[PDB]
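Asker: Before anything else, here's the structure in question.
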Amino acid sequence: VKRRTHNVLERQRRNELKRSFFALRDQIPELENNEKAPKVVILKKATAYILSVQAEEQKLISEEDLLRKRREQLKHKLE
Amino acid sequence: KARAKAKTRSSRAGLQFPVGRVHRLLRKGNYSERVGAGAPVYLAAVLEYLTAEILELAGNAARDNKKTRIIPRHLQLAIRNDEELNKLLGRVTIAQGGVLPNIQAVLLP
Amino acid sequence: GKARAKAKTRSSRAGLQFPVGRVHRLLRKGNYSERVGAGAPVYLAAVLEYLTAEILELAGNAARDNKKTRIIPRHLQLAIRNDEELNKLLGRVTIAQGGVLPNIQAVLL
Amino acid sequence: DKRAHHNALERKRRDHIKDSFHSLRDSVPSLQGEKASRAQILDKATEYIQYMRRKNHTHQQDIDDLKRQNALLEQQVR
Amino acid sequence: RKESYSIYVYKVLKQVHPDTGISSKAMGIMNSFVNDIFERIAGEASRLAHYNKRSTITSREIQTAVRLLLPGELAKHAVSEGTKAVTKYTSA
Amino acid sequence: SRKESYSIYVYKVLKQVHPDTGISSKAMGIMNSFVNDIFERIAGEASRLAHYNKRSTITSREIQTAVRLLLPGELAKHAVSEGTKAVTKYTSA
Amino acid sequence: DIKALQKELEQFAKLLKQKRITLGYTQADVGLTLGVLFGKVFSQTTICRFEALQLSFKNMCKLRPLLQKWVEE
Amino acid sequence: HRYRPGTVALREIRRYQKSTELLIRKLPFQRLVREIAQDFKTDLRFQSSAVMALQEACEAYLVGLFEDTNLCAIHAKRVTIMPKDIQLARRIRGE
Amino acid sequence: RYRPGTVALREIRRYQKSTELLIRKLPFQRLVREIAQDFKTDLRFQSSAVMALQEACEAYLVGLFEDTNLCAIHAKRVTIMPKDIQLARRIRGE
Amino acid sequence: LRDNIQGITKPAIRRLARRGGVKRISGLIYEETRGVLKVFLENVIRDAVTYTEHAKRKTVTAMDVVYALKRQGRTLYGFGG
Amino acid sequence: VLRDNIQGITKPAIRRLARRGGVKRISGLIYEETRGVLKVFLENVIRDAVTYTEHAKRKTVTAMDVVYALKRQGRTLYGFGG
DNA sequence: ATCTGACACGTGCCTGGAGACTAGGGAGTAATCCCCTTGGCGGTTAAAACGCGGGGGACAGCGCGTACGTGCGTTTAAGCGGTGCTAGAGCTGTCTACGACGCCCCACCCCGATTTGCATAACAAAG
DNA sequence: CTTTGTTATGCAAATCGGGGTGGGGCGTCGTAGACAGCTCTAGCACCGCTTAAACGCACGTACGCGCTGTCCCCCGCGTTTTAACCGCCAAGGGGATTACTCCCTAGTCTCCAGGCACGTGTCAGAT
């Protein structure tokens, strides 16, 4: 009975993990159509996707900082 | 709190902080020969309370600056703009905390 | 150090006046560590005696300067505050009935 | 032969997945430097991407806003 | 492997500000904070036990240490919260 | 009921340094507190050093280190020499 | 007989005072001289109290032998 | 005959620096200590040695404050000490 | 040209708002190594140990300057002088 | 008990100032000084009482004062400890 | 063998620190006085950090040795450890 | 034909925590005694309180004069990215010298008399 | 008036002895750390290029400093008054102690599950 309990809990744990894989898979545009994407690909491309998005944040914040500096200089000129 | 339904000691106390870890830490460092069963529970509750108090203020500071993330600047403001925390942590240097924007009137036009 | 000792007392073996056995006991009762090395209380007793001698020597000189044959709290205060190393060590210490140094500034005259 | 080879192929498959989990785990600040289950890594990556998506959208909004403010100030300056 | 409270800080922050994150530098600061407060209270409780010739640290020594260490309202609230947590734990 | 003190040892040190000089009871009470304060400071520092290095035994090395930290300047230098001398002679046959 | 002992000690103390005055010595000088003779250098207070009979009979009995040598010297 | 102003002040400074006795009378000090203690908790008792310990610390504290207060007044190129000098000394000290 | 003090106030607001270190890193490292060299030769430092020193040092000097500024104001001056630093350190007990 | 702060008279304040090397005292010092002393006593007494209550004692002892002062960085010698 | 790297602290660096402190005007004698104060501060912190390092029989000074050196002086630093 | 990679099933497997007792020690409780705190009372006198007159220092205003701030052009080295090298930080395994701990006996320390000088003050003389 | 030694005595401190205990051997044993070895992290030395920050100098002027003058308000002194202090007394309460007793944590062991990876079945697209 304990063996059976372990078997089903582990069987469900795999299915729960698969659902977590799908939740991540569906969230990455690169894997949007890849319904059969394997676990290894999802993790590798999720990593690459997040890193590229983080790189985008660094680009965006740099532009924001430059624009804030420009705003202050323009106000100074008006004064 | 209203109820408890858990095996975990931290959950029984209704705390997020790890009671079992605090218990081990109280034994470490030779603070005493013996530690009371309720000792780590009381202490964990205090650590959590103070932690929540700082985070709440720091989060408010983040909103004031239109930020979605807490940074060391916010922690510095949260503490230095609060008399009780300022007394408790008045000797503490916070990395990249900065300083309050205080300028004396005699220096102004 | 001393060439030899005949007394069984550990303090005598070390050539010290301060009680090694008591220092050893206190280190074990204060829960400073799980274990205390045999040479630990010997080293410490020597340090306590050395510092004690330095204060007493200066205080004794202060007593002689005041034409007194007995050391009083006033002399201890003078002994510490007129010595840079001791004044740094005990700078925050308040000595009962020690009084203060007779410091007169030129701006007062 | 074939079974032992299959075992080796399966071991390699798992090893790639395990390393990929670690790389993904270190990509999310909530798990960076911390122990995490396989499921937690996936769940944090999922919400973190959603966070970063709206965060970068928010950054672009601030960029557009500052650009428009600068355009107005430049118009006043000229 | 090293121990930290970052996982618990994350949970507390989520409960207080569900839509606010925390930087890694801020997290390092929060860990320094928790370790500092722990040492202060544990050290003070040890002193109190020593002064009263006691060998066991209980909620009374910790409560006293809190009253001594925390100022103003923080001491009042920390004591109330500590007492409440122990009461619940005892009945849980 | 017995109350322990170092007054006898403080007295003996004074007797060796200034044999013709007496000491008041108030001065003695001060010297007794002095000894207890220094003892606690060194023992406390030694405890911290053992903890920081995750060691469980306090030896002359921790105390010597504590002395170097606690005492300034020459005073530290002399205290270390005296401590080293006492231990060396103590363990020597 | 304690009273007989008291009288003997009183008689010595009176003779001691007479000797000190006759020789032109101070009470301090007596104590200093005893220091030379025995190594025990008494203050004027002990000598004064002896002459004034402020000391106990036991103390006078114990110090007397030293003072007797002083009288002879 | 009369002394020039400041002659006595110097005499008193030298006299009080030389002496070691308490300057605050004990009885009114006790009343002050008891009044404060009654606010924290009622029906408290004190040992006479506890009161002496408090007074010794208090006088040492106030004198140290006056020494720093005096320095502030000197820095301001003044002889007379004002509340500004006390408040500055405390603010720099971190009280 | 702006009236003198106009820029200084702008800089005060700028530096109080910002959190970055004001002392250049390489010059500081050389100073730390120069001093450490007098205690023991051939010492090495973790890069984080250097940052820890910079943070403590700037926080220390800035706090000292704030107290120094108060001394100058008490003296009814705007400009800070060595006299004000020495007083602040004397009161602190340095 | 009420208003025993007046037990600290001007001469007592002046004498303390004399040890400090003060030649001249403004009239506002006396009130400021009393305010400062009251705060100092409250901080020391509050802690000494806290120790006393913790120990389940009805009386404050010198050691409670010494511990209260020790925590404030003001070590006191000669009263025991 | 390093010499005279105290000059690595330039006037602008001192000016910026003073400005953060709210200082509006700086005497020309401040720069030299400031360097003297900083040197002393570093000597005290480094001496302890090195002492901790030597006690551990290490040759490398770690961040924790600096943290302990600072904590010991009543100046607790957060973010570099505890 | 079979190879590679993938999902998924059987089943041990590490560790982390909580659960369950269990003996021996600490802490709680009750009784009792005696030192020390609180409180009161009367006398006396040292210190605080109060008024006042004078003079010394706080403070406002004025005028220099020079040291400091602000641009502006030019120089310097900080900072960033990249390369290569190895000292030593950090971990693990072996094994012994060393400190905890139990037990016993006497020389050394505590405390209560008990003796005995220290500092200050009354009692005379001397230029 | 100022200076000085003689002796008086109140009282704090140095000395003595008797007895109780904790320091020091002595043996035993478990383990903390001393020491050797090995991996591989990150600290250091070097290089070239970019460019922001640092440096030197001209030029005004805002602010520090010295002086004058006025006037508030603090000091010193005399005279009155007011509580501090000192000596003595008794009441009782609470702090220290000793003897029980019970309950509570260090210690050891048991065991349950929750993520984790070894090993096996298999199933379709690719060599």
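Chain lettering (A, B, ...) mirrors the order of the structure tokens, residue numbering begins at 1 for each chain separately, and ligand numbering begins at 1 in order of display.
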Residues of chain L were defined as contacting chain G if any atom lay at most 9 Å from it, counting only C-alpha atoms (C1' of nucleotides); please report them as a list in words.
Answerer: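 Every residue meeting the condition is included here: residues 115, 116 and 117 of chain L.
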Asker: Skip segment 42-52 of chain D itself and residues of its chain fewer than 2 positions away, then list as number ranges by chain all residues within 9 Å of it, counting only C-alpha atoms (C1' of nucleotides).
Answerer: A: 17, 20-21, 23-28, 43, 46-47, 49-50, 53-54, 57; D: 21, 24-25, 27-31, 37-40, 54-57
Asker: Keeping only N, CA and C atoms, write the selected residues as a compact mmCIF listing (two decimals), in the first residue's frame.
Answerer:
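out12.txt, written as the output of this step:
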# COMPACT_ATOMS: atom_id res chain seq x y z
N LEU A 17 4.67 18.68 -12.52
CA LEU A 17 5.85 19.33 -13.06
C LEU A 17 5.65 19.64 -14.54
N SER A 20 3.72 22.71 -14.85
CA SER A 20 4.59 23.86 -14.61
C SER A 20 5.47 24.15 -15.83
N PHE A 21 5.88 23.10 -16.53
CA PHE A 21 6.64 23.26 -17.76
C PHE A 21 5.80 23.93 -18.83
N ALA A 23 3.19 25.88 -18.27
CA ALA A 23 2.93 27.25 -17.85
C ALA A 23 4.07 28.17 -18.26
N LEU A 24 5.31 27.68 -18.13
CA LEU A 24 6.47 28.42 -18.58
C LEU A 24 6.57 28.45 -20.11
N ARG A 25 6.32 27.29 -20.71
CA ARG A 25 6.41 27.18 -22.18
C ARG A 25 5.49 28.19 -22.86
N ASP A 26 4.27 28.28 -22.39
CA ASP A 26 3.25 29.13 -23.00
C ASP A 26 3.57 30.61 -22.83
N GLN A 27 4.45 30.92 -21.88
CA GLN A 27 4.76 32.30 -21.54
C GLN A 27 5.92 32.84 -22.38
N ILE A 28 6.59 31.95 -23.11
CA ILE A 28 7.71 32.33 -23.95
C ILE A 28 7.29 32.31 -25.43
N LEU A 43 13.66 24.81 -20.60
CA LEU A 43 14.53 25.41 -19.61
C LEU A 43 15.64 26.24 -20.25
N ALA A 46 13.96 29.27 -21.96
CA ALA A 46 13.45 30.15 -20.92
C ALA A 46 14.58 30.97 -20.33
N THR A 47 15.73 30.33 -20.15
CA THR A 47 16.90 31.02 -19.63
C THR A 47 17.36 32.09 -20.60
N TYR A 49 15.64 33.49 -22.96
CA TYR A 49 14.61 34.51 -23.11
C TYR A 49 14.65 35.51 -21.96
N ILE A 50 14.75 35.00 -20.74
CA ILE A 50 14.79 35.88 -19.58
C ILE A 50 16.01 36.78 -19.61
N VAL A 53 15.57 39.50 -22.11
CA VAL A 53 14.61 40.46 -21.59
C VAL A 53 15.24 41.33 -20.50
N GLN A 54 16.10 40.73 -19.68
CA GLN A 54 16.85 41.47 -18.68
C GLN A 54 17.82 42.44 -19.34
N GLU A 57 15.86 45.38 -20.36
CA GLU A 57 15.65 46.29 -19.24
C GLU A 57 16.83 47.23 -19.04
N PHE D 21 17.97 23.56 -15.40
CA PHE D 21 17.20 24.04 -14.26
C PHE D 21 18.01 25.02 -13.43
N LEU D 24 18.34 28.37 -15.24
CA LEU D 24 17.08 29.08 -15.16
C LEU D 24 16.84 29.62 -13.75
N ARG D 25 17.19 28.81 -12.75
CA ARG D 25 17.05 29.21 -11.36
C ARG D 25 17.84 30.48 -11.06
N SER D 27 18.53 32.73 -13.04
CA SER D 27 18.05 33.83 -13.86
C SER D 27 16.94 34.61 -13.16
N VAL D 28 16.37 34.03 -12.11
CA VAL D 28 15.29 34.68 -11.37
C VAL D 28 15.75 35.06 -9.96
N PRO D 29 15.72 36.35 -9.61
CA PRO D 29 16.23 36.93 -8.37
C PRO D 29 15.60 36.32 -7.12
N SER D 30 14.40 35.76 -7.27
CA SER D 30 13.74 35.13 -6.14
C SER D 30 14.40 33.82 -5.73
N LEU D 31 15.08 33.18 -6.68
CA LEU D 31 15.74 31.91 -6.39
C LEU D 31 17.26 31.99 -6.51
N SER D 37 13.06 23.69 -5.78
CA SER D 37 12.57 22.51 -6.48
C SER D 37 12.42 22.78 -7.96
N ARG D 38 12.36 21.71 -8.75
CA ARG D 38 12.14 21.85 -10.18
C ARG D 38 10.88 22.68 -10.47
N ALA D 39 9.80 22.36 -9.77
CA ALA D 39 8.53 23.06 -9.98
C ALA D 39 8.64 24.54 -9.61
N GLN D 40 9.36 24.84 -8.54
CA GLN D 40 9.51 26.23 -8.11
C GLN D 40 10.27 27.05 -9.13
N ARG D 54 5.84 43.30 -18.14
CA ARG D 54 5.14 44.51 -17.71
C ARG D 54 6.11 45.56 -17.18
N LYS D 55 7.24 45.11 -16.64
CA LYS D 55 8.28 46.03 -16.19
C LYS D 55 8.90 46.77 -17.36
N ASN D 56 9.22 46.04 -18.42
CA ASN D 56 9.82 46.65 -19.60
C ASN D 56 8.80 47.52 -20.34
N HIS D 57 7.54 47.12 -20.29
CA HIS D 57 6.46 47.94 -20.81
C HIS D 57 6.38 49.25 -20.03
Asker: Write out as number ranges by chain all residues of segment 26-57 of chain G that DSSP puts in alpha helix (DSSP H) for this structure's backbone.
Answerer: G: 27-38, 44-51, 57
Asker: Hey, list the chain E side of the contact with chain K: 6 Å cut-off, only C-alpha atoms, answer as a ChimeraX atom specification.
Answerer: /E:28-29,32
Asker: Sorted by chain and rising residue number, which residues of chain K lie within 12 Å of chain M, and what are their closest atom pairs and distances in Å to one decimal, counting only C-alpha atoms (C1' of nucleotides), as CSV?
Answerer:
residue,atom,partner,partner_atom,distance
K:8,CA,M:54,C1',10.9
K:9,CA,M:54,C1',11.0
K:10,CA,M:54,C1',7.9
K:11,CA,M:54,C1',9.0
K:12,CA,M:54,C1',8.0
K:13,CA,M:54,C1',10.0
K:25,CA,M:63,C1',10.1
K:27,CA,M:64,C1',10.9
K:59,CA,M:43,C1',11.8
K:60,CA,M:43,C1',9.3
K:61,CA,M:43,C1',11.2
K:62,CA,M:43,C1',11.6
Asker: Give as a ChimeraX atom specification every residue of chain I that touches chain H within 12 Å, counting only C-alpha atoms.
Answerer: /I:63-77,81-94
Asker: How would the residues just chosen look if you wrote them out with C-alpha atoms as a short mmCIF file (atom, residue, chain, number, x, y, z; two decimals), in the first residue's frame?
Answerer:
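What landed in part13.cif:
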data_model
loop_
_atom_site.label_atom_id
_atom_site.label_comp_id
_atom_site.auth_asym_id
_atom_site.auth_seq_id
_atom_site.Cartn_x
_atom_site.Cartn_y
_atom_site.Cartn_z
CA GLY I 63 28.92 62.36 8.93
CA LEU I 64 31.92 64.33 10.17
CA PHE I 65 31.33 67.05 7.59
CA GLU I 66 27.71 67.35 8.69
CA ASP I 67 28.82 67.94 12.28
CA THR I 68 31.56 70.24 11.04
CA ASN I 69 28.94 72.28 9.20
CA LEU I 70 26.93 72.66 12.40
CA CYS I 71 29.99 73.97 14.21
CA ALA I 72 30.57 76.56 11.50
CA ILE I 73 26.95 77.69 11.74
CA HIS I 74 27.24 77.97 15.52
CA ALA I 75 30.25 80.21 14.89
CA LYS I 76 27.98 82.20 12.57
CA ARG I 77 30.00 81.22 9.52
CA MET I 81 37.48 75.61 8.83
CA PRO I 82 39.90 73.08 10.45
CA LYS I 83 38.79 74.66 13.72
CA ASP I 84 35.31 73.25 13.14
CA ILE I 85 36.58 69.78 12.32
CA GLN I 86 38.76 69.67 15.40
CA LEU I 87 35.86 70.71 17.61
CA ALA I 88 33.57 68.08 16.14
CA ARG I 89 36.20 65.40 16.69
CA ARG I 90 36.94 66.66 20.19
CA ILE I 91 33.28 66.39 21.19
CA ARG I 92 32.89 63.00 19.53
CA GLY I 93 35.96 61.90 21.49
CA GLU I 94 38.10 60.78 18.50
#
Asker: Name all residues at most 8 Å from segment 22-37 of chain I (count only C-alpha atoms (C1' of nucleotides); drop same-chain ones fewer than 3 positions away) and give them as a list in words.
Answerer: residues 40, 41, 42, 43, 50, 54 and 58 of chain I; 1, 2, 3, 5, 6, 8, 9, 13, 16, 17, 42, 43, 46, 47 and 50 of chain K; 78 of chain L
Asker: Nearest to chain B: which of F:55, F:26, F:12, F:41 is it, counting only C-alpha atoms?
Answerer: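 Among the listed residues, the smallest separation from chain B belongs to F:55.
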Asker: Give the residues of chain L that lie within 12 Å of chain B; count only C-alpha atoms (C1' of nucleotides), and format the answer as a list in words.
Answerer: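 Listed by rising number, the hits are residues 16, 17, 18, 19, 25, 26 and 27 of chain L.
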Asker: With a distance threshold of 7 Å and counting only C-alpha atoms, extract the residues of chain C near chain F and express them as JSON, numbers by chain.
Answerer: {"C": [1, 2, 13, 14, 15, 17, 18, 32, 33, 34, 35, 36, 37, 39, 40, 42, 43, 44, 46, 47, 48, 50, 53, 56, 57, 60, 69, 70, 71, 72, 73, 85, 89]}
Asker: Just N, CA, C and O atoms for this one: save the residues we selected as a compact mmCIF listing (two decimals), in the first residue's frame.
Answerer:
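So result.txt came out as:
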# COMPACT_ATOMS: atom_id res chain seq x y z
N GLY C 1 61.64 35.58 32.61
CA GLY C 1 60.78 34.97 33.61
C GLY C 1 61.61 34.44 34.78
O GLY C 1 62.82 34.62 34.81
N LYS C 2 60.94 33.79 35.73
CA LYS C 2 61.60 33.20 36.89
C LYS C 2 62.38 31.96 36.50
O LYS C 2 61.94 31.17 35.66
N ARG C 13 54.22 28.84 39.62
CA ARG C 13 54.97 28.27 38.51
C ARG C 13 55.14 29.28 37.39
O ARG C 13 56.19 29.35 36.76
N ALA C 14 54.11 30.08 37.16
CA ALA C 14 54.14 31.09 36.11
C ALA C 14 54.87 32.35 36.57
O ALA C 14 55.09 33.27 35.77
N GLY C 15 55.22 32.42 37.85
CA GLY C 15 55.86 33.60 38.41
C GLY C 15 54.88 34.76 38.58
O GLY C 15 55.27 35.92 38.52
N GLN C 17 51.47 36.74 40.58
CA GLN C 17 50.80 36.96 41.85
C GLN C 17 49.31 36.69 41.74
O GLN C 17 48.68 36.23 42.70
N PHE C 18 48.75 36.94 40.56
CA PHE C 18 47.33 36.69 40.32
C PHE C 18 47.05 35.20 40.20
O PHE C 18 47.87 34.45 39.67
N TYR C 32 32.44 31.23 27.89
CA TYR C 32 33.09 31.93 26.80
C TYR C 32 33.40 30.97 25.67
O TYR C 32 33.41 31.35 24.49
N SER C 33 33.62 29.71 26.03
CA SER C 33 33.86 28.65 25.06
C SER C 33 33.56 27.30 25.69
O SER C 33 33.50 27.17 26.91
N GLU C 34 33.41 26.28 24.85
CA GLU C 34 33.22 24.93 25.34
C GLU C 34 34.44 24.42 26.08
O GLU C 34 34.31 23.67 27.05
N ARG C 35 35.63 24.80 25.62
CA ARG C 35 36.86 24.33 26.24
C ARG C 35 37.87 25.46 26.42
O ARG C 35 37.96 26.36 25.59
N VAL C 36 38.63 25.40 27.51
CA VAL C 36 39.66 26.39 27.79
C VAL C 36 41.03 25.73 27.92
O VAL C 36 41.21 24.81 28.72
N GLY C 37 41.99 26.20 27.14
CA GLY C 37 43.34 25.64 27.14
C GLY C 37 44.07 25.93 28.45
O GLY C 37 43.83 26.95 29.08
N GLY C 39 47.05 26.84 29.02
CA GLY C 39 47.89 28.03 28.97
C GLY C 39 47.08 29.31 28.89
O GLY C 39 47.62 30.41 29.02
N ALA C 40 45.78 29.18 28.66
CA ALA C 40 44.92 30.34 28.49
C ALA C 40 44.87 31.22 29.75
O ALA C 40 45.17 32.41 29.66
N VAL C 42 46.83 31.28 32.21
CA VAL C 42 48.16 31.71 32.58
C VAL C 42 48.51 32.99 31.85
O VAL C 42 49.00 33.95 32.45
N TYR C 43 48.23 33.01 30.55
CA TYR C 43 48.48 34.19 29.75
C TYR C 43 47.63 35.35 30.25
O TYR C 43 48.11 36.47 30.39
N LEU C 44 46.36 35.06 30.52
CA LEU C 44 45.44 36.10 30.94
C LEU C 44 45.78 36.66 32.31
O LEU C 44 45.71 37.87 32.53
N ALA C 46 48.64 36.89 33.63
CA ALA C 46 49.81 37.74 33.47
C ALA C 46 49.43 39.12 32.98
O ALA C 46 50.03 40.12 33.39
N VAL C 47 48.45 39.18 32.09
CA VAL C 47 48.02 40.46 31.54
C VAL C 47 47.30 41.30 32.58
O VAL C 47 47.53 42.50 32.68
N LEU C 48 46.44 40.65 33.35
CA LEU C 48 45.69 41.37 34.38
C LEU C 48 46.65 41.93 35.42
O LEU C 48 46.47 43.05 35.89
N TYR C 50 49.86 42.67 34.94
CA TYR C 50 50.65 43.73 34.33
C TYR C 50 49.91 45.05 34.35
O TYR C 50 50.46 46.08 34.75
N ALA C 53 49.59 46.48 37.83
CA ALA C 53 50.83 47.07 38.30
C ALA C 53 51.03 48.47 37.72
O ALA C 53 51.53 49.36 38.40
N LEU C 56 48.73 50.95 39.59
CA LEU C 56 49.16 51.13 40.97
C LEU C 56 50.45 51.93 41.04
O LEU C 56 50.63 52.74 41.96
N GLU C 57 51.35 51.72 40.09
CA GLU C 57 52.60 52.46 40.10
C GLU C 57 52.35 53.95 39.91
O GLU C 57 52.90 54.78 40.63
N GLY C 60 50.50 55.35 42.91
CA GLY C 60 51.43 55.49 44.02
C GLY C 60 52.26 56.75 43.87
O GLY C 60 52.51 57.46 44.84
N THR C 69 50.48 58.96 52.04
CA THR C 69 51.05 57.61 52.09
C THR C 69 50.03 56.56 51.70
O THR C 69 50.30 55.36 51.81
N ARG C 70 48.85 57.00 51.29
CA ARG C 70 47.77 56.08 50.94
C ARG C 70 47.13 56.45 49.62
O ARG C 70 46.84 57.61 49.36
N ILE C 71 46.87 55.44 48.79
CA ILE C 71 46.18 55.66 47.53
C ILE C 71 44.68 55.81 47.73
O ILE C 71 44.03 54.97 48.35
N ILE C 72 44.13 56.89 47.18
CA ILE C 72 42.70 57.15 47.24
C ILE C 72 42.17 57.32 45.81
O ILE C 72 42.95 57.55 44.90
N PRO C 73 40.85 57.24 45.60
CA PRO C 73 40.18 57.31 44.31
C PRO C 73 40.63 58.52 43.50
O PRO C 73 40.70 58.47 42.28
N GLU C 85 47.76 55.98 27.27
CA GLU C 85 47.34 54.62 26.97
C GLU C 85 46.21 54.16 27.89
O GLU C 85 45.25 53.54 27.43
N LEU C 89 42.12 53.40 27.14
CA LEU C 89 41.54 52.13 27.58
C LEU C 89 40.33 52.33 28.48
O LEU C 89 39.32 51.63 28.35
Asker: Please, what distance in Å, to one decimal, runs between atom CA of residue 60 of chain G and atom CA of residue 8 of chain G?
Answerer: 10.4 Å
Asker: List as a PDB file with N, CA, C and O atoms, in the first residue's frame the protein and nucleic acid residues near residue 78 of chain E, meaning an atom at most 9 Å away when only C-alpha atoms (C1' of nucleotides) are counted, but skip any in the same chain fewer than 6 places from it.
Answerer:
ATOM      1  N   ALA B  45       9.130  35.650  16.506  1.00  0.00           N
ATOM      2  CA  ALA B  45       8.033  36.590  16.330  1.00  0.00           C
ATOM      3  C   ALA B  45       8.537  38.024  16.329  1.00  0.00           C
ATOM      4  O   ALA B  45       8.037  38.866  15.583  1.00  0.00           O
ATOM      5  N   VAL B  46       9.534  38.300  17.162  1.00  0.00           N
ATOM      6  CA  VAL B  46      10.087  39.642  17.250  1.00  0.00           C
ATOM      7  C   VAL B  46      10.866  39.991  15.995  1.00  0.00           C
ATOM      8  O   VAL B  46      10.747  41.098  15.467  1.00  0.00           O
ATOM      9  N   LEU B  47      11.661  39.043  15.516  1.00  0.00           N
ATOM     10  CA  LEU B  47      12.458  39.273  14.324  1.00  0.00           C
ATOM     11  C   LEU B  47      11.561  39.507  13.122  1.00  0.00           C
ATOM     12  O   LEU B  47      11.840  40.369  12.287  1.00  0.00           O
ATOM     13  N   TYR B  49       8.431  40.651  13.207  1.00  0.00           N
ATOM     14  CA  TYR B  49       7.751  41.925  13.371  1.00  0.00           C
ATOM     15  C   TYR B  49       8.610  43.076  12.886  1.00  0.00           C
ATOM     16  O   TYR B  49       8.152  43.929  12.124  1.00  0.00           O
ATOM     17  N   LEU B  50       9.859  43.107  13.329  1.00  0.00           N
ATOM     18  CA  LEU B  50      10.750  44.193  12.956  1.00  0.00           C
ATOM     19  C   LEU B  50      11.058  44.155  11.469  1.00  0.00           C
ATOM     20  O   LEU B  50      11.155  45.198  10.819  1.00  0.00           O
TER      21      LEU B  50
ATOM     22  N   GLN E  63      11.767  38.632  26.459  1.00  0.00           N
ATOM     23  CA  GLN E  63      10.861  39.761  26.580  1.00  0.00           C
ATOM     24  C   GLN E  63      11.553  40.932  27.249  1.00  0.00           C
ATOM     25  O   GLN E  63      11.399  42.080  26.828  1.00  0.00           O
ATOM     26  N   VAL E  66      13.953  42.572  24.931  1.00  0.00           N
ATOM     27  CA  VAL E  66      13.242  43.395  23.966  1.00  0.00           C
ATOM     28  C   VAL E  66      12.892  44.748  24.561  1.00  0.00           C
ATOM     29  O   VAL E  66      13.075  45.782  23.919  1.00  0.00           O
ATOM     30  N   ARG E  67      12.419  44.747  25.801  1.00  0.00           N
ATOM     31  CA  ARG E  67      12.073  45.993  26.469  1.00  0.00           C
ATOM     32  C   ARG E  67      13.295  46.889  26.608  1.00  0.00           C
ATOM     33  O   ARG E  67      13.195  48.111  26.499  1.00  0.00           O
ATOM     34  N   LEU E  70      14.645  47.634  22.388  1.00  0.00           N
ATOM     35  CA  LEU E  70      13.823  48.414  21.474  1.00  0.00           C
ATOM     36  C   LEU E  70      13.267  49.653  22.169  1.00  0.00           C
ATOM     37  O   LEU E  70      12.879  49.588  23.334  1.00  0.00           O
TER      38      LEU E  70
END
Asker: Of the residues F:53, F:65, F:1, F:33, which is the one nearest to chain L, using only C-alpha atoms (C1' of nucleotides)?
Answerer: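 So, comparing all the options, the nearest one is F:1.
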Asker: With chain C as the partner and 12 Å as the cut-off, tabulate the residues of chain B that qualify, each row holding the nearest pair of atoms and their distance in Å to one decimal, using only C-alpha atoms, sorted by chain and rising number, as a Markdown table.
Answerer:
| residue | atom | partner | partner_atom | distance |
| --- | --- | --- | --- | --- |
| B:27 | CA | C:31 | CA | 11.8 |
| B:28 | CA | C:33 | CA | 10.6 |
| B:29 | CA | C:33 | CA | 8.2 |
| B:30 | CA | C:31 | CA | 6.2 |
| B:31 | CA | C:31 | CA | 7.7 |
| B:32 | CA | C:31 | CA | 7.6 |
| B:33 | CA | C:31 | CA | 8.3 |
| B:34 | CA | C:31 | CA | 11.9 |
Asker: Give me the residues within 10 Å of segment 13-25 of chain H as JSON, numbers by chain, counting only C-alpha atoms (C1' of nucleotides) and dropping any in the same chain fewer than 4 places off.
Answerer: {"C": [73, 74, 96, 97, 98, 99, 100, 101, 102, 103, 104], "H": [8, 9, 29, 30, 52, 55, 56, 58, 59, 60], "J": [7, 8, 9, 11, 12, 13, 14, 15, 16, 17, 18, 19, 20, 21, 22, 23], "M": [84, 85]}
